[PDB]
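Take a look at the structure set out below.
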Amino acid sequence: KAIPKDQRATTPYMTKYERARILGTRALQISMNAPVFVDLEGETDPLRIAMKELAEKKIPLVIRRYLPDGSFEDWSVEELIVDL
Amino acid sequence: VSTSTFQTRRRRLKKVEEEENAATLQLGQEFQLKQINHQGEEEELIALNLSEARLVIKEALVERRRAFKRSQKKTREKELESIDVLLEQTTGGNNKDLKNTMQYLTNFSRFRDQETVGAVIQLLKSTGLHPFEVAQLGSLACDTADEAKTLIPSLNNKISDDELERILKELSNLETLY
Amino acid sequence: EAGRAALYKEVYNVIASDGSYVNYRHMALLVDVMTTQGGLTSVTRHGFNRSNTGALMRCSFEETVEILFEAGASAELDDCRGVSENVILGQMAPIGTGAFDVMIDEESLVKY
Amino acid sequence: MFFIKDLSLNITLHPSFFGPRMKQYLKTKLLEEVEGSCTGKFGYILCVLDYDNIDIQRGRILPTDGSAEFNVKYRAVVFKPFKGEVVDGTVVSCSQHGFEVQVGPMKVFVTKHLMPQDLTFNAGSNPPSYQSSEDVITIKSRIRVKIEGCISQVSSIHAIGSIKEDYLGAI
Amino acid sequence: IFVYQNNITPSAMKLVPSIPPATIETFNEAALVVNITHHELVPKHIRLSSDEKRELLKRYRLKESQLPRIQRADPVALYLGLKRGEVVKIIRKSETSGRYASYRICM
Amino acid sequence: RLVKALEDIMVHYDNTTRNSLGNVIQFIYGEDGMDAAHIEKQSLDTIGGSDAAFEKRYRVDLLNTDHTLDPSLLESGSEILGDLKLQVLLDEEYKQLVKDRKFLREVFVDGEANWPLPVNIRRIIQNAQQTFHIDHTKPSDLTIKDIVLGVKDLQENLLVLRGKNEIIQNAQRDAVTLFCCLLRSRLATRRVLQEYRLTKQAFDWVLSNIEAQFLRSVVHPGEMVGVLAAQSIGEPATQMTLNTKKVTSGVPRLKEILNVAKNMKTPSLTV
Amino acid sequence: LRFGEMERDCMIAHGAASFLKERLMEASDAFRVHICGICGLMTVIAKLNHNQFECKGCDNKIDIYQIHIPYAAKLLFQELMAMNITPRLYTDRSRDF
Amino acid sequence: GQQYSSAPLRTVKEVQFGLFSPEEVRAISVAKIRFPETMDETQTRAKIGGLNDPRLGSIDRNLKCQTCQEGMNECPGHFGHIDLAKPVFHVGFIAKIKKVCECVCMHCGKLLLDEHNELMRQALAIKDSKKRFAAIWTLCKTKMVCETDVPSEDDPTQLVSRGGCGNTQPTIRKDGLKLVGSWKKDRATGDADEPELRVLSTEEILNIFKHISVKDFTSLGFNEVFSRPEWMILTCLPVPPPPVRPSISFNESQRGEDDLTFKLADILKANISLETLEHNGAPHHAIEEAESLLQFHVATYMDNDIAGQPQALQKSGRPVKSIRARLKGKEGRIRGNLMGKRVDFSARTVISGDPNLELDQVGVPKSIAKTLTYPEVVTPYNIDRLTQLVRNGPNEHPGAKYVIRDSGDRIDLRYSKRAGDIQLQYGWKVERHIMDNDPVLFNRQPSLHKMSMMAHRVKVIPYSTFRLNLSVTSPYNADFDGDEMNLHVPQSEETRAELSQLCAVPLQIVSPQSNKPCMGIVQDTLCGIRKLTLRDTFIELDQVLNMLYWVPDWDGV
DNA sequence: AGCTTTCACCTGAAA
DNA sequence: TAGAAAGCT
Ligand SMILES: Nc1nc2c(ncn2[C@@H]2O[C@H](COP(=O)(O)CP(=O)(O)OP(=O)(O)O)[C@@H](O)[C@H]2O)c(=O)[nH]1
Ligand SMILES: [Mg+2]
Ligand SMILES: [Zn+2]
Ligand SMILES: [Zn+2]
Ligand SMILES: [Zn+2]
């Protein structure tokens, strides 16, 4: 249906899977000659540029966390805590 | 990839009945009196008269030029050359349909001004006809209520010959004298 | 509820017979799984594979064709929610990495 | 006639365009595809309205390639002809068979037989003409036609019309 | 509730569903000798009100089916006089959490 | 069979455990919501020993001249004596520690103290000791309120389930129940001050670590527990064979079980 | 080499969703069919050169989709079809739950 | 490599199972399938406009398809049909067909029980499409008379007249492929004593089924849209296309048609016998003979491994392989071709352990590294490196095997005349060699663990073995007594991340299975660790210095 | 009704 | 290779 940002209930922390998937996504996109959102401080591997992008929370990606019933919670990589 | 609509209907396996379209106001499945705007709300079908239409496109194309030069920061025979300029600026040009449509609308337009077209819209939307009839009464000029009820056969019982003949008189008064 | 306890007691008793240790949760889940349907639903061709999970998922174990013939007869609708049906269809399963969707936010994409 | 329909196209962007001039490209790609388009379903899609307020929505990144799919919600001006519709148009061509009339983006053709008998063809005229005991239909003349039937055809919707019935013909 | 010694004939038992909304139950004296509820492995089962249930379902975004199920015939479902659709909140002590709340809808 | 029977079960974004149907198998994964990887067998000190030894370890009586904390333990020791207000906070403490004990003895009935639990608290305090160079001579800068209250506060933050409502919030309590028992057992006032000899910074750092360490320990929605558990029971059953009263046991009893065999080989009651 | 049923299982246990798809499709089987949006079958005459796509016996020349499935599943589908079973494939849903 | 298609690309969200309506079979069919003659237009090598391509799929390879112009790869087959002379039971539904008859009146087509009966309205209540039919059947099997009037839902004196038809109901049993009943009879109230023993024709059951009310059949398993009961009986048989039954055309002027191509021919043959048999001078017994033969051929085509013994064997003694058998598990479609697959980008060799290897690495032989390829996108980052691998060739280690343009056409660096003179271009793919520190999936079947498959770091080495670290032995259950292991290479920057971020050896160190670490110090290292750490053990400075240097992270202290 | 009658079996590697 | 769920006299 789309749960509102206030009514959100999921882990405020990023799942091991989300992290693996965002890094994998950015890497694949960076590789496909996409715009890099951070200062490549001499970086040339997309997966390291991806982690760099993720460490500065400068990844424009949004995790749609679907729930059993079907409803979902949208979270930003900019707001998901990375204790991983 | 092609365009879709607000009408969601699921014809699972059960293909057809593709009942023909006529001026028995039996328009498409898509062209329903009871349609839905993409804000989720139900909305009546939007039918235009050759001027109500001309003014719509011209306006949208004009505001496109506005936005395009904003994002760039970092007399009938006379209106045809005028519109030709706007299209060369806003439209892809390859869209030869819109060029033809704009020339047709410019030459066959019944009402020159947004005040006139506005006023036409009042007069006609009083009737309680089906947007198609309402647009057709506006875009086609008739004299006898018979001239009308023959070309718009959908009317036939919908309005008093006299009342329709009253509207037709009023519409004739509005016609902007090119 | 007591049946469940006995079921695990007896399960655990086999794991600990060889001496080996398996963390509670695991056996607890298999026990709970067998238990939930209301009675003792077996880990057999006619116990779990008899439930209402997708036809394509169930057909990937024991009654392969027989299932698919009944699928046609009762005009079953496959959810395409199960791992197996996705493996069959060659789609990314809704497992770990696939349990959520990724999107671009033009808003933030402009902020940076 | 001439409708204002609410429509939606699913456009897929390559990750190379995941820059800030994104919505800008997406909106221009919509107008690439949709504008000028002709479907049998919605007819001619001539002009996309309210360019400034086109609904982008979040684009879902496609599983094995970086591309992201956007269902771009929009609104446009459409012209979809119908049988029984009366249309005002200008002649284009003229033959022994009839004359083709230009009505907006599409062409309605009228058979020698979908015309009153008295209106006969005249080959020996520059350009060809249809002569009646009163008026003459030729290449530039204006006509009010009754659409008899339509054929949904790739990039067009051609149609056949009558000028034999009452209150129809040249004007 | 009708506590019978040895048996109730199938002649008599046809009178059991005769008087609704009132409900009739039959218990064999021999079963009752010992309380099953008192047993080590049988935990605290609790009946849920229509309101309690509506909420449980709402809170976990569930369809009645999606709930773990208790049989109508369950020694405990009988004890508590459960009816089709009624929910039990089952409280066991866990070696992992300390206390764990389960739920069983009736069949 | 075990895998095909479990495959489709995983932790959904509500800490629930469900199949293809979305039918609830477990309400919270492994009745505690923790990932097995982040669990170590910890000792529940509270459970065993004489009610005498329990009293000795956990009891603080600021009103009795012998049962107060000697001002060798903390600076406050002198001024702490006889305080009725503070002594209600310690009576509160010791009355919960007793409650905890009676509950633990309800759960683990044989008095078994070693249980697999998240966050190694023994290690955290050990690591705090070398991290801060704890002086087993000088007195602590802690208050009785610094301890009793701080631990109470840490507990409210040990989140497994998030939702705002009774059903969910009451379930949150239930999940963290046993850990808290351990937390309180290992962070009582007498214990912190006499045994651990922690400073305020030390104790504040111990709390911030249990907090983080705990939050790390919770299962990740998406975790494929169907297969995980099926393989976890499955793999050992293979090394039972594939390598080198008298009841039916091993692979045959297991086979007997899974099949839910009616006519079993060695049936017996233990009266 | 074989990435057998057992190999699939560890891949599931792991959560490696995409990697599992990659082995099953790109690193193996993978095929592209054209399906009808009415009767979810491979009936579609795909003249992908003249951009014509038809499913006579639906007379559908519009509601056609392109789908990526293992050639084994394409096979399995045709096989079940040959045995009078319709395994209709739909790109949308209706049940919800 | 399949071509660009306009059609919007989507995924399957629902699989709607059902039955083919003979009307559908006809509609969708691109041909019938008139002749048993395979091909050879009167010995002329080329398909016959009768069986396998009377518009169908396509053999030849160097011949585009007759319907879609695609041909071979890109062209799935196009279904055919065969109008059967007499209706025949579908071998699977044979039981449901019977169970349906057992529930309805064999004359009017109305349920043997209804809402007037108590148990029936209770069984009809059941929401489950199978459990409903289950209870409905067990109730209606015993009702041997279609009732005209039934006692009212109030009193036994005034009996309510439901549907008509009084007719006695036959007692059905199967004689294998034949459904035969025994009508109770009446004669002076008693009799049987000797009943009426007629065999039920496919065509009769068919007609009774057609008359079963939508409401009636929907109360049974059925569905008015996808699965009507009448569709269990085969009238129009769908002819599968070549992809299903390939012509393995060996050498040139020699066939090699599939079992199914012969079985369909057998069916075609059996049909024309029956067709002319009944059109011509019908010697009636010879028809019920040519009929039973068609019912068998159509039966064994789908399932050859039936209970009623005749194995229907190919003239070689060997049985004909049914469609059913193809799908049947542990090998065959579902289990062996779909749940499990043979895969590209995979390698297997004999394993031997290395002590001077890091835990997370895998020794990969130079040969295997020179064989295995990763697709890299020419990005300004690698644009330089890549051209050098491309220049290096596919024969010498850090090198590449192919360059794939935007133009989606493979450059075989191995043979290509432009192998040197090949300037790259962003957006191209260089299929390079597997190099040091690329993630790979290492495996040892068994495969009973999450841990029996872990992601390692490539470290290319000489000699033909996979060199794994000894402490990572225990989680695979590996030893070096002749053991081999599999290696799979990811292909996307996405799938690499999957391996690196989830399945890597260091991540797997602590087992969730037993909440204990699944790897440790083993053998030599375990033996020598005791031996080294005794109170008695002392090391001279000369060696201490060597031991120190040997530790890679030693402070220098 | 009770005995009869009826209906899957480890993973990869091989010739 | 041996164990349950259909249906048999
Ligand atoms: N899944 C299977 N694993 C098998 C099979 N045959 C052998 N093995 C594997 O072989 C390994 C045992 O090998 P051996 O019998 O050659 C052992 P060995 O006598 O040299 O050893 P010790 O254990 O060191 O005393 C063990 O890891 C099993 O997983 C089989 O049929 N299936
Ligand atoms: Mg070995
Ligand atoms: Zn179709
Ligand atoms: Zn073809
Ligand atoms: Zn009857």
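Every chain in the structure tokens has a letter given in the order shown (A, B, ...), and although residue numbers restart at 1 in each chain, ligands are simply numbered from 1 in the order shown.
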>> Set the distance at 8 Å and use only C-alpha atoms (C1' of nucleotides): which residues neighbour range 8-22 of chain A once local chain neighbours fewer than 2 positions away are removed? I'd like the list as a PyMOL selection string.
In response: (chain A and resi 3-6+24-26+61+63+73+79-84) or (chain C and resi 96-97+100+102) or (chain F and resi 13-14+162-163+220-222) or (chain G and resi 15) or (chain H and resi 494+497-498+501-502)
How would the residues just chosen look if you wrote them out with N, CA and C atoms as a compact mmCIF listing (two decimals), in the first residue's frame?
# COMPACT_ATOMS: atom_id res chain seq x y z
N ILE A 3 3.72 2.09 3.44
CA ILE A 3 3.75 2.59 4.82
C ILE A 3 4.48 3.96 4.88
N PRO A 4 3.89 5.01 5.53
CA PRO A 4 4.55 6.33 5.54
C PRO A 4 5.82 6.41 6.38
N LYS A 5 6.80 7.27 5.98
CA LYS A 5 8.12 7.38 6.65
C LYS A 5 8.08 7.42 8.19
N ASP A 6 7.00 8.01 8.73
CA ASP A 6 6.75 8.09 10.17
C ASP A 6 6.32 6.74 10.77
N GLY A 24 26.83 -4.24 -4.81
CA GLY A 24 26.74 -4.96 -6.07
C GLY A 24 26.06 -4.14 -7.15
N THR A 25 25.04 -3.37 -6.77
CA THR A 25 24.32 -2.56 -7.73
C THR A 25 25.20 -1.42 -8.21
N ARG A 26 25.69 -0.58 -7.26
CA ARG A 26 26.55 0.55 -7.61
C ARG A 26 27.72 0.12 -8.43
N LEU A 61 20.49 5.44 -3.87
CA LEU A 61 19.57 4.31 -3.83
C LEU A 61 18.67 4.16 -2.61
N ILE A 63 15.93 1.44 -0.71
CA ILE A 63 15.50 0.06 -0.46
C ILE A 63 14.01 0.02 -0.19
N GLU A 73 8.10 -0.57 3.04
CA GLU A 73 8.73 0.57 3.68
C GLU A 73 9.94 1.03 2.86
N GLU A 79 20.06 6.95 5.04
CA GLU A 79 19.51 6.82 6.40
C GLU A 79 19.65 5.46 7.04
N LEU A 80 20.21 4.51 6.33
CA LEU A 80 20.32 3.22 6.96
C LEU A 80 21.67 3.06 7.67
N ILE A 81 21.62 2.79 8.98
CA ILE A 81 22.81 2.61 9.81
C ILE A 81 23.59 1.37 9.36
N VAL A 82 24.91 1.52 9.23
CA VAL A 82 25.82 0.46 8.77
C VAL A 82 26.86 -0.05 9.83
N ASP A 83 26.34 -0.79 10.86
CA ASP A 83 27.11 -1.38 11.97
C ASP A 83 27.87 -2.64 11.49
N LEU A 84 27.54 -3.10 10.24
CA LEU A 84 28.11 -4.26 9.50
C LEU A 84 29.65 -4.13 9.22
N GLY C 96 17.02 -13.63 0.57
CA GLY C 96 18.08 -12.71 0.98
C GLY C 96 18.09 -11.50 0.08
N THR C 97 19.16 -11.33 -0.70
CA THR C 97 19.41 -10.31 -1.73
C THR C 97 18.17 -9.88 -2.59
N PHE C 100 13.87 -7.63 -1.14
CA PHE C 100 13.55 -6.21 -1.18
C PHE C 100 13.87 -5.65 -2.59
N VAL C 102 15.40 -2.37 -5.10
CA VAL C 102 16.27 -1.21 -5.09
C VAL C 102 15.75 -0.18 -6.05
N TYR F 13 10.52 -8.95 6.89
CA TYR F 13 10.85 -7.68 7.51
C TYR F 13 10.18 -7.29 8.88
N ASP F 14 9.44 -8.22 9.51
CA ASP F 14 8.76 -8.04 10.80
C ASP F 14 9.28 -9.04 11.86
N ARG F 162 10.41 -3.73 16.68
CA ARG F 162 10.28 -2.29 16.78
C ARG F 162 8.90 -1.67 17.03
N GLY F 163 7.87 -2.16 16.33
CA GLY F 163 6.49 -1.66 16.40
C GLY F 163 5.94 -1.06 17.69
N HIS F 220 18.91 -11.13 10.37
CA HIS F 220 18.73 -10.20 9.25
C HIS F 220 17.55 -10.59 8.37
N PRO F 221 16.43 -9.83 8.32
CA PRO F 221 15.36 -10.21 7.40
C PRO F 221 15.89 -10.51 5.99
N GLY F 222 15.52 -11.69 5.50
CA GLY F 222 15.96 -12.25 4.23
C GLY F 222 16.68 -13.56 4.48
N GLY G 15 21.69 -16.69 0.63
CA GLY G 15 20.95 -15.49 0.25
C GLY G 15 21.37 -14.91 -1.09
N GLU H 494 27.95 -7.51 -9.91
CA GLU H 494 26.83 -7.75 -9.02
C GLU H 494 26.99 -9.10 -8.34
N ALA H 497 30.10 -9.24 -5.95
CA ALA H 497 29.71 -8.57 -4.71
C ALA H 497 28.96 -9.55 -3.83
N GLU H 498 28.11 -10.42 -4.46
CA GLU H 498 27.30 -11.43 -3.80
C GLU H 498 28.22 -12.40 -3.09
N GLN H 501 30.70 -10.25 -0.48
CA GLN H 501 29.96 -9.70 0.65
C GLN H 501 29.18 -10.68 1.51
N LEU H 502 28.93 -11.91 1.01
CA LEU H 502 28.20 -12.93 1.75
C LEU H 502 28.93 -14.28 1.96
* To do: Would you list the residues that come within 7 Å of ligand 3? Count only C-alpha atoms (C1' of nucleotides) and all ligand atoms and give the answer as a VMD selection string.
  => chain G and resid 36 to 41 43 55 57 to 58 60
Task: Shell of 6 Å around ligand 1 (only C-alpha atoms (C1' of nucleotides) and all ligand atoms), written as a ChimeraX atom specification - done: /F:242 /H:446,477 /I:10-11
Write the selection just made, keeping N, CA and C atoms (P, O5', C5', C4', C3', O3' and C1' of nucleotides), as a tab-separated table (two decimals), in the first residue's frame?
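Below you can see selection_37.tsv, which holds the result:
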chain	number	residue	atom	x	y	z
F	242	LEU	N	28.50	-41.93	7.13
F	242	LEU	CA	29.56	-41.75	6.11
F	242	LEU	C	31.03	-41.86	6.60
H	446	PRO	N	29.46	-34.24	-1.44
H	446	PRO	CA	28.44	-33.65	-0.60
H	446	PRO	C	27.62	-32.46	-1.04
H	477	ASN	N	34.82	-30.93	3.96
H	477	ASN	CA	34.99	-32.33	4.35
H	477	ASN	C	36.04	-32.94	3.44
I	10	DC	P	18.77	-42.58	-4.04
I	10	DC	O5'	19.76	-41.72	-3.13
I	10	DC	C5'	19.25	-40.62	-2.36
I	10	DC	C4'	20.35	-39.61	-2.04
I	10	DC	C3'	21.23	-39.22	-3.22
I	10	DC	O3'	20.60	-38.23	-4.05
I	10	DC	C1'	22.58	-39.67	-1.34
I	11	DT	P	21.06	-38.06	-5.59
I	11	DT	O5'	22.39	-37.18	-5.46
I	11	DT	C5'	22.31	-35.80	-5.12
I	11	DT	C4'	23.70	-35.21	-4.92
I	11	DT	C3'	24.60	-35.20	-6.14
I	11	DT	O3'	24.28	-34.09	-7.01
I	11	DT	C1'	25.82	-35.95	-4.25
Within 12 Å of residue 5 in chain J, counting only C-alpha atoms (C1' of nucleotides), which residues show up once you throw out same-chain ones fewer than 5 positions away? Write them as a ChimeraX atom specification, please. /C:45-47 /I:5-7
Deliver the residues from the most recent selection as a file, using N, CA and C atoms (P, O5', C5', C4', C3', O3' and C1' of nucleotides), as a compact mmCIF listing (two decimals), in the first residue's frame.
# COMPACT_ATOMS: atom_id res chain seq x y z
N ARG C 45 6.52 -37.46 1.12
CA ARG C 45 5.88 -37.33 -0.19
C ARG C 45 4.39 -36.95 -0.10
N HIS C 46 3.74 -37.32 1.02
CA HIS C 46 2.31 -37.15 1.27
C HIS C 46 1.99 -36.36 2.55
N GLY C 47 3.01 -35.74 3.12
CA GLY C 47 2.87 -34.98 4.36
C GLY C 47 2.94 -33.49 4.15
P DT I 5 -5.62 -59.23 -2.47
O5' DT I 5 -5.46 -57.76 -3.06
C5' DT I 5 -6.61 -56.97 -3.39
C4' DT I 5 -6.20 -55.54 -3.71
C3' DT I 5 -5.17 -55.40 -4.85
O3' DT I 5 -5.66 -54.49 -5.85
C1' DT I 5 -4.48 -54.18 -2.94
P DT I 6 -4.82 -54.17 -7.20
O5' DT I 6 -4.03 -52.84 -6.80
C5' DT I 6 -4.72 -51.75 -6.17
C4' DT I 6 -3.76 -50.67 -5.74
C3' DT I 6 -2.69 -50.31 -6.78
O3' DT I 6 -2.85 -48.95 -7.19
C1' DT I 6 -1.78 -50.51 -4.60
P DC I 7 -2.38 -48.45 -8.64
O5' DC I 7 -1.18 -47.45 -8.29
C5' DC I 7 -1.38 -46.39 -7.33
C4' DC I 7 -0.16 -46.18 -6.45
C3' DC I 7 1.11 -45.74 -7.18
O3' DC I 7 1.22 -44.33 -7.11
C1' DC I 7 1.52 -47.22 -5.32
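From CA of residue 133 in chain H back to CA of residue 153 in chain H, the distance works out to 23.4 Å.
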For chain B versus chain D, which residues have an atom no more than 8 Å away, and what is each residue's nearest atom pair and distance in Å rounded to one decimal, using only C-alpha atoms, chain-then-number order, as a Markdown table?
| residue | atom | partner | partner_atom | distance |
| --- | --- | --- | --- | --- |
| B:1 | CA | D:10 | CA | 7.0 |
| B:2 | CA | D:9 | CA | 6.3 |
| B:3 | CA | D:9 | CA | 4.7 |
| B:4 | CA | D:8 | CA | 5.2 |
| B:5 | CA | D:7 | CA | 4.7 |
| B:6 | CA | D:7 | CA | 6.9 |
| B:21 | CA | D:82 | CA | 6.2 |
| B:22 | CA | D:83 | CA | 5.0 |
| B:23 | CA | D:84 | CA | 5.0 |
| B:27 | CA | D:82 | CA | 7.5 |
| B:30 | CA | D:42 | CA | 7.3 |
| B:37 | CA | D:6 | CA | 6.3 |
| B:38 | CA | D:6 | CA | 6.6 |
| B:45 | CA | D:4 | CA | 7.6 |
| B:46 | CA | D:4 | CA | 5.1 |
| B:47 | CA | D:3 | CA | 4.7 |
| B:48 | CA | D:2 | CA | 5.3 |
| B:49 | CA | D:1 | CA | 7.3 |
| B:53 | CA | D:2 | CA | 7.1 |
| B:57 | CA | D:47 | CA | 6.5 |
| B:60 | CA | D:49 | CA | 5.4 |
| B:61 | CA | D:49 | CA | 7.8 |
| B:63 | CA | D:51 | CA | 7.6 |
| B:64 | CA | D:51 | CA | 6.0 |
| B:67 | CA | D:52 | CA | 6.8 |
| B:92 | CA | D:32 | CA | 7.5 |
| B:94 | CA | D:36 | CA | 7.5 |
| B:95 | CA | D:36 | CA | 4.4 |
| B:96 | CA | D:36 | CA | 7.1 |
| B:97 | CA | D:105 | CA | 4.8 |
| B:98 | CA | D:46 | CA | 5.2 |
| B:100 | CA | D:105 | CA | 5.5 |
| B:101 | CA | D:104 | CA | 4.5 |
| B:102 | CA | D:104 | CA | 7.9 |
| B:104 | CA | D:104 | CA | 5.4 |
| B:105 | CA | D:104 | CA | 7.3 |
| B:108 | CA | D:88 | CA | 7.7 |
| B:132 | CA | D:1 | CA | 5.8 |
| B:135 | CA | D:1 | CA | 6.5 |
| B:136 | CA | D:1 | CA | 6.7 |
| B:140 | CA | D:88 | CA | 7.7 |
| B:147 | CA | D:167 | CA | 6.2 |
| B:150 | CA | D:167 | CA | 7.6 |
| B:151 | CA | D:86 | CA | 6.0 |
| B:152 | CA | D:86 | CA | 7.5 |
key: Test item: residues at most 9 Å from residue 9 in chain G, only C-alpha atoms (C1' of nucleotides), excluding those fewer than 4 positions along its chain, as a PyMOL selection string   = (chain F and resi 3+7+227+231) or (chain G and resi 4-5+13-14) or (chain H and resi 447-450)
**Q.** Neighbours of chain E in chain A at 10 Å, counting only C-alpha atoms, as a PyMOL selection string
**A.** chain A and resi 67-71
Which residue out of G:46, G:33, G:11, G:6 has the minimum interatomic distance to ligand 4 when only C-alpha atoms and all ligand atoms are used?
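Among the listed residues, the smallest separation from ligand 4 belongs to G:46.
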